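Engineer: Below are the structure tokens for one structure; questions will follow.
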Amino acid sequence: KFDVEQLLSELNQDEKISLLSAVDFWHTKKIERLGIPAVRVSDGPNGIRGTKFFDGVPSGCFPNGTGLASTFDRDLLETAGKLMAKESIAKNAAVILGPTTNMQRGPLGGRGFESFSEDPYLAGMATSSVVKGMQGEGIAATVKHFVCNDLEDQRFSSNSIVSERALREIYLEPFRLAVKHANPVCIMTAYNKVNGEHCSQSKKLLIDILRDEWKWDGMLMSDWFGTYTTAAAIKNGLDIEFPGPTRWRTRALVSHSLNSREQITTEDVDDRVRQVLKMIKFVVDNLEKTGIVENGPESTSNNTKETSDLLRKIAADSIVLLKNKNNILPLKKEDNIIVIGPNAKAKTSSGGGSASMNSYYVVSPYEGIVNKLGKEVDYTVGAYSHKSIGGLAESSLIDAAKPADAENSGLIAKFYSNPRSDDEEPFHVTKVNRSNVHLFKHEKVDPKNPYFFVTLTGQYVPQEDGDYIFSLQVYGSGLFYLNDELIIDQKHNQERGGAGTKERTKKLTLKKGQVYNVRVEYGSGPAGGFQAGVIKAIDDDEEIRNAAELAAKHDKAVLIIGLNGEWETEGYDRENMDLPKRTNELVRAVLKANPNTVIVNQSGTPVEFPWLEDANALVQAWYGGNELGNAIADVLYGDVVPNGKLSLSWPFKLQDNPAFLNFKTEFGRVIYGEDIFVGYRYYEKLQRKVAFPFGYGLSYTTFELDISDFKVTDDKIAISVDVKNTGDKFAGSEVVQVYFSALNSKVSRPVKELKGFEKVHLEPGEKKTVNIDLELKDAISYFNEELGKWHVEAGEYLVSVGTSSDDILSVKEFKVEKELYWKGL
Amino acid sequence: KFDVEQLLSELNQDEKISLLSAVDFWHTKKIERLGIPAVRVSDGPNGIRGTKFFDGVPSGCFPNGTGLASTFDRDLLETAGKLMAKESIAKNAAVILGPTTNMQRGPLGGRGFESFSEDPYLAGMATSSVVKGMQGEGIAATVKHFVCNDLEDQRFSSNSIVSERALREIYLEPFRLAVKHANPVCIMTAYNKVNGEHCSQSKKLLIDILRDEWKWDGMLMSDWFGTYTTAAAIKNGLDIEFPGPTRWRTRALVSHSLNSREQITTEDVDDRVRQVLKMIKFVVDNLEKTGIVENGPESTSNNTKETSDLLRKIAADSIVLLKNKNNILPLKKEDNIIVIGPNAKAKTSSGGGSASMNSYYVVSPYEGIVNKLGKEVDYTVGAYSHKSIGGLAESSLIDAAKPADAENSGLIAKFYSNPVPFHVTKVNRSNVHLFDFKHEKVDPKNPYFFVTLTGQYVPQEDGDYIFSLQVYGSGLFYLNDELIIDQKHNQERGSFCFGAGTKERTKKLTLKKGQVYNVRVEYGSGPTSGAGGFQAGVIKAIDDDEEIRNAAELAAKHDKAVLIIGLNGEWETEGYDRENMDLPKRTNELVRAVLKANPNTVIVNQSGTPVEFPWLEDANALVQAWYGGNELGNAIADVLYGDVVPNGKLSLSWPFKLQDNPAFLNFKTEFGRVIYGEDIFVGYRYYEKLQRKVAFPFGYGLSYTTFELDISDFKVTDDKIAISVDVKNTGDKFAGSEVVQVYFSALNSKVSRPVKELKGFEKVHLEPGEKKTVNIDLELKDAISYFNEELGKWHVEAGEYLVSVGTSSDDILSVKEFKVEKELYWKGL
Ligand SMILES: OC[C@H]1O[C@@H](O)[C@H](O)[C@@H](O)[C@@H]1O
Ligand SMILES: OC[C@H]1O[C@@H](O)[C@H](O)[C@@H](O)[C@@H]1O
């Protein structure tokens, strides 16, 4: 018993106002007097960070959305969201800030890795599965970012200018599917504008569509700081401003607007408060099922074998095999192999930003291979591809003459009020594990005028002789000292490189075995952050040469390449679709030296493979979460048979893509020039060849399918597809994909549209039948912009059933006589 | 060598934003780096209160605006300007929040008293004159409130709905006249809306009209808290938010708006900042001439004879003699008088609100007469008419074991952060006004504190005493540590604190003459149940029926009775409007009784706006004094006795009955709106068009001498009208001033006009038999235009016009016609 209307009747005006914003970054407002508790929310869509970045409680990191979507497996995505709920309860977060489902209208989007698919049906069913899995556990979902936050560049002001047809068919559509099938408890409004109006105060989006048309009854929260007005946001449907303390909705701003008849009425305030109360009721109603403790502690209690195995399956099923000539794959355990490449020993579990977290652990691909084979594995780096140098904390000690324990590994961070007599004391001390230090709450730290200083210390011991490059990045100020000798100055002259500085570096000749003193004196942000790193310097030409040489001296090479969460991050978009640095040269040399090299690529979004024609085996890993390396091993050796399909089009070159010319905010606007033609919708219409198309992925076995039954009423389509593993060696899963085409429509349309899919597991020689039933209106409508309505048009239509958007294997023609106009769900 | 553009180029973005709001109730932002000092500003339009209300430095209270305009004396008004400036310097206020020129479309307006006149011409010229005086002495004026802040009711939300023609002709006009002749340094935007949009964010008012059309380059400040958006107020031309600390213009609100492309660009901000820079430049460029000292102290250095001379004079010339049958006046020293009435011994210097201040002294009328004759004068109170009961601090002592001295005369006030001491201040005024109470240990954003109020009280009489408590916050009143008055439990809504505080709660007790009693008031400030305030008071109860009789009989045994009546600054105040035009309580019944027993009585009324005199027909001598400021009593004497020959003329129409007024049915905010239904027909323009008779018509007042005039030269050119008027004091006993008023009529206009409109005036002082000539020059377009709403331009229409020269709107003595051959349409100034 938490009663929304009786509480609305009992709250005073000031309490009403106080419910319309969050208290701090993660919490709503407790109202002891009426039994209304504070609710914790937490990022993000691929696992749960909890209440802090710096010194964060470790957690279960899932694979990233585009990887998730590539499973084409609702049941699994549903399991995944169920796991995300357990991870959340472990952090005592009653509400998750995920899934994310904006749209990769082009490939360069900085958060492209974080959403699901360029296809609105796949995005919407992925979204709907994850939310259903979260909410079945009684943890609330927050679908974000509503809507058209499809690039990062200047997102707070960016105006997405988009027709009502593209808006309905591509960008609103995954939210519609999620609402219709999963009823999320919350939605987060976007930072941007749509057609001139910030989403967070758009009556069209937040009220006309979400409320009047869809009848969705959940709670809208702003993206963080993504509120832009006092009264209009309240009038126009933004239920709660995050984070607190409130900027736009103080008691004085709000009640002054009420008393002065400016814009809003008490009815507007109530309407927003009611919606907050309903989200609160969902949380309180599930407290018995979840065990959430208000302002409770955060643990690593979900860090179990059950969780590890599941994160492993999810990661392995995300992987997409893109090429496999000559049976390079699977590898045999007895193959003589070398592992090469910049991503080989990296732990690229996620993209950057709010979706990232602190992990229990991350298994590198190298380690995955080591674990697989149960012994040492030859290795060479081949080339570097980092955006900035980190790795200092990850390879440092407090006192070198003590063993590399967990208690002794890392750096000590000592916080100070002043930068001081011998006798000032640290007001906080933390063991620092990761080099990038992100800021953070303390009583000696003034909330929004936060001035403090960090003394970061430890010992670094070189494992090889030669040159080593040290680095510092600060937002604020700091100085780097090695053996109490200044080596890098980020105090005196500063250059912006997005709020903070450019990396400054110092190359130094060091000696294997010897203990050097690392001390970094940092100055608080005027809330801040910094990164002191170190990397062993290499001779790039010689290292390419070496990797080539080594590759020639082994049967097989495994080259692990790609991008990382610094190249793909909330905050900015990519400049280009290139792999970094000398990667491409590394790859050319290795392919020349051993043509039977398997290439495994980790990225959230497409990259150009210029050497593609010479690459005989190519695997798309994605960013795999905690178990990424094990999952990769599973696929390479065939303990998992690759079963993922691309959730994205993979064009040859950046210029081929439909958003090539409009993927930048210029004069504050982004024109959606391609209209409905996004992803494969674009490339099939132009008949432009791509490297790999939507829905593509190979297996180690072969499959065949046909429509084995088909029926249409005036209202419905039922289709039965027979699928069979025609191989005699591997069991495996195939993804049946159902596309619709209009054969004689008055209106321009995509060549075909995904409207169904089923994933089916088959032992060698096994045959199964999957059923796919849809209401016509789901399958064949388009949005009629002039009439302001969806339209099931009379005509002839074709269903195409296949294993990719290209690989169509069975079709059926049918007729539609019953025309229908509609709105809503 | 303060260079507006150099500074604007130099300020960083956070410095820019910090300029767009004030730091506290009274100061702008110091930018030390750039030698931009904190400008102090101060209320009000009739005297300079200074930086605090409670425990405030005493000042020179001028008479209230309707009084001032009644002088019809530009020179004298310009002189009061200078005096106001000098009083401003004494307080280290570089900027004055005045003059006030909203418009008495009806008589009931809470701040009716504060403005000048229902006449756009009179109010414009009074405004211009007062402003010229102020700014010749280098102190900046702030003409307020722009615009249509014409009742008090719900004024933060009130939507003044008014045609463009009325807007232009009546409400905007006095601002137009002030900008045109006087160029005030600042203007203050009104709290209210005009046709659906809050003044403080109306592009139409603040930019299209004020900037684009009039070309005025001053700075716009908000009324206090009257900002309602972050970005739209910045974009639509509101230069600075008052008071600090900012609500709508925090560095975060503004810079988030800018960075998120929400509504405002950096241009808009520059544009605001710039105007602010100019106001500051004015102040800086006059620091030598004025000697103002940034965050300076507050002195009473101007409490001087010279200054008192002038207040006495300005007060004297504001008085309007309305009736004088049978030569009851001037009173003669040898006359046997008794002074009677509710306002005889009271000190009603001003109207209520931000116009008020702490005075050096107020000479009551009773005292004024005492001073003139120099002997005890017989008196009886006659009746009470206070709205609420005060007095308690005034007539009390810290220790009963001491004499009635300076620092023993008051109560002690102690301030705690917990209920029952950061500050201790000795209190002499019963109204404890905490609105701008500042303190190191008080949060301006949340002013949470308590007051214990203490001292002892000694009654000079035997009977019932009525005690009173009034609060905004919470209060408890104990006499002798016994609970007598409860303002904690079940509060009601009444008129205290601009209508926000409590109804008066009182306790009748029996007391003993000379007996010491203990007074303890325990007060919680506003946040505990704006900082707020409270009032504890006491008054001697009277037999109300007997007290009338007593006065009536006493009046009968004297040659002449002097009956002092009217309102005061609790009946008439910022914050709410009057409910009716009635004299308070048993006042009328006193006058009916006194008039019947002694037909030789002079009534002196004090009000800022009209009241009904239902016994008008029986009163033979009737004088209107307004609210006279410090020298109010001495000025009443001067005119009563003929040392000043009454010379004021009414700034307002004075109808017989409230129902008679144009705004009878729409002088209340309803559904957040006020429909200005009478359109241009405001004041005399209403009455003359309806041929409705009034008790006393606009521009009316008597003398103790007689006058005649005629037009002795009349010339028309293309742009100008020259008129000459010969005026003679045709009496033989008294020297005096007559006011020549010049009105205009359109005779065959295509458009409904008023019967005539005030367009020029002159005051001329004439010894018995003296004749003089006065010369009025006016530009044609400014005399005879109406606003053509359809074309959105002023129109000088072809046809015939009539000029009426008279000594009131109802006493035309001479006329002249001219023809206008060719029309002109025009905008601007
Ligand atoms: O980190 C909290 C939130 O902040 C914003 O930066 C992001 O756009 C959201 O996706 C995220 O949930
Ligand atoms: O004191 C500052 C301001 O206070 C407000 O209450 C009044 O409306 C203004 O006229 C005055 O100048």
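Ligands are numbered from 1 in the order shown, residues from 1 within each chain, and chains are lettered A, B, ... in the order they appear in the structure tokens.
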Please list as a ChimeraX atom specification every residue within 7 Å of residue A:109, counting only C-alpha atoms and excluding residues in the same chain fewer than 6 positions away.
Structural biologist: /A:150-152,573-574
Engineer: Using only C-alpha atoms, find each residue of chain B with at least one atom at most 9 Å away from an atom of chain A; report its shortest atom-to-atom pair and that distance in Å (one decimal), sort the rows by chain and rising residue number, and return the result as a tab-separated table.
Structural biologist:
residue	atom	partner	partner_atom	distance
B:154	CA	A:260	CA	8.3
B:155	CA	A:260	CA	8.2
B:156	CA	A:260	CA	5.0
B:157	CA	A:260	CA	4.2
B:158	CA	A:260	CA	8.0
B:191	CA	A:260	CA	8.9
B:192	CA	A:260	CA	8.5
B:197	CA	A:262	CA	8.8
B:198	CA	A:262	CA	8.0
B:225	CA	A:256	CA	8.9
B:226	CA	A:260	CA	8.7
B:228	CA	A:257	CA	6.5
B:229	CA	A:230	CA	7.6
B:230	CA	A:229	CA	7.7
B:231	CA	A:229	CA	8.3
B:247	CA	A:253	CA	7.1
B:248	CA	A:253	CA	7.6
B:252	CA	A:247	CA	7.6
B:253	CA	A:247	CA	7.0
B:256	CA	A:228	CA	7.3
B:257	CA	A:228	CA	6.4
B:259	CA	A:157	CA	7.0
B:260	CA	A:157	CA	4.2
B:261	CA	A:157	CA	5.2
B:262	CA	A:228	CA	6.7
B:672	CA	A:261	CA	7.5
Engineer: Any idea what the distance is between atom CA of residue B:436 and atom CA of residue B:131?
Structural biologist: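 Pair atom CA of residue B:436 / atom CA of residue B:131 returns 26.5 Å.
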Engineer: Can you tell me, as a list in words, what residues are no more than 9 Å from residue A:546 when counting only C-alpha atoms, ignoring any on the same chain fewer than 5 positions away?
Structural biologist: residues 380, 382, 541 and 551 of chain A
Engineer: Could you take the residues named above and write them with N, CA, C and O atoms, as a CSV table (one decimal), in the first residue's frame?
Structural biologist:
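Output contents, as saved in again31.csv:
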chain,number,residue,atom,x,y,z
A,380,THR,N,53.0,-11.4,-29.8
A,380,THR,CA,53.7,-10.1,-30.0
A,380,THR,C,52.6,-9.0,-30.2
A,380,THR,O,51.6,-9.3,-30.8
A,382,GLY,N,52.6,-6.3,-32.2
A,382,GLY,CA,52.4,-5.9,-33.5
A,382,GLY,C,52.4,-4.4,-33.7
A,382,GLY,O,53.1,-3.8,-34.5
A,541,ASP,N,58.0,0.5,-37.0
A,541,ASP,CA,58.4,-0.3,-38.1
A,541,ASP,C,59.0,-1.7,-37.8
A,541,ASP,O,58.6,-2.7,-38.4
A,551,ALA,N,54.7,-14.3,-37.4
A,551,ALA,CA,53.5,-14.9,-38.1
A,551,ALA,C,53.9,-16.0,-39.1
A,551,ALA,O,53.2,-17.0,-39.2
Engineer: Could you give me, as a list in words, every polymer residue with an atom at most 6 Å away from an atom of ligand 1, counting only C-alpha atoms and all ligand atoms?
Structural biologist: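 Listed by chain and ascending number, the contacts are residues 43, 97, 223, 224 and 354 of chain A.
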Engineer: Write as a VMD selection string the residues around ligand 2, taking 10 Å as the cut-off and counting only C-alpha atoms and all ligand atoms.
Structural biologist: chain B and resid 25 to 26 41 to 45 49 to 53 96 to 100 111 114 142 to 145 149 152 155 to 156 188 to 191 221 to 226 242 to 243 353 to 356 435 to 436 498 574 to 575
Engineer: Using DSSP assignments from the backbone, pull out every residue in stretch 661-768 of chain A that falls under alpha helix (DSSP H) and give it to me as a ChimeraX atom specification.
Structural biologist: /A:680-685
Engineer: What is the distance, in Å and to one decimal place, between atom CA of residue A:122 and atom CA of residue A:800?
Structural biologist: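 Interatomic distance, atom CA of residue A:122 to atom CA of residue A:800: 16.4 Å.
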Engineer: Just the residues within 8 Å of stretch 465-470 of chain A, please, counting only C-alpha atoms, with nothing from its chain fewer than 2 positions along; format it as JSON, numbers by chain.
Structural biologist: {"A": [389, 462, 463, 472, 505, 506, 507, 508, 509, 510, 511, 512, 532, 533, 534, 535, 536, 537, 538]}
Engineer: Per DSSP on the backbone, what are the strand (DSSP E) residues of stretch 609-678 of chain B, as a compact mmCIF listing (two decimals) with N, CA and C atoms, in the first residue's frame?
Structural biologist:
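Wrote out-v6.txt, looks like this:
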# COMPACT_ATOMS: atom_id res chain seq x y z
N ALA B 621 -16.10 75.06 5.62
CA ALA B 621 -14.68 75.18 5.30
C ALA B 621 -13.99 73.79 5.24
N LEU B 622 -13.39 73.52 4.09
CA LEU B 622 -12.88 72.19 3.75
C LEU B 622 -11.56 72.30 3.02
N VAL B 623 -10.57 71.66 3.61
CA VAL B 623 -9.19 71.69 3.19
C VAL B 623 -8.58 70.31 2.97
N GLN B 624 -7.91 70.11 1.86
CA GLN B 624 -7.28 68.82 1.60
C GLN B 624 -5.79 68.94 1.70
N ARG B 673 -7.17 38.89 -14.55
CA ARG B 673 -7.22 40.00 -15.48
C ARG B 673 -7.97 41.23 -14.99
N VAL B 674 -7.65 42.38 -15.58
CA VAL B 674 -8.33 43.64 -15.33
C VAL B 674 -8.64 44.32 -16.69
N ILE B 675 -9.93 44.40 -17.06
CA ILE B 675 -10.32 45.02 -18.34
C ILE B 675 -10.47 46.53 -18.14
Engineer: Just the residues within 10 Å of stretch 524-526 of chain B, please, counting only C-alpha atoms, with nothing from its chain fewer than 2 positions along; format it as a ChimeraX atom specification.
Structural biologist: /B:415-420,434-435,446-452,471-476,487-488,501,521-522,528-534
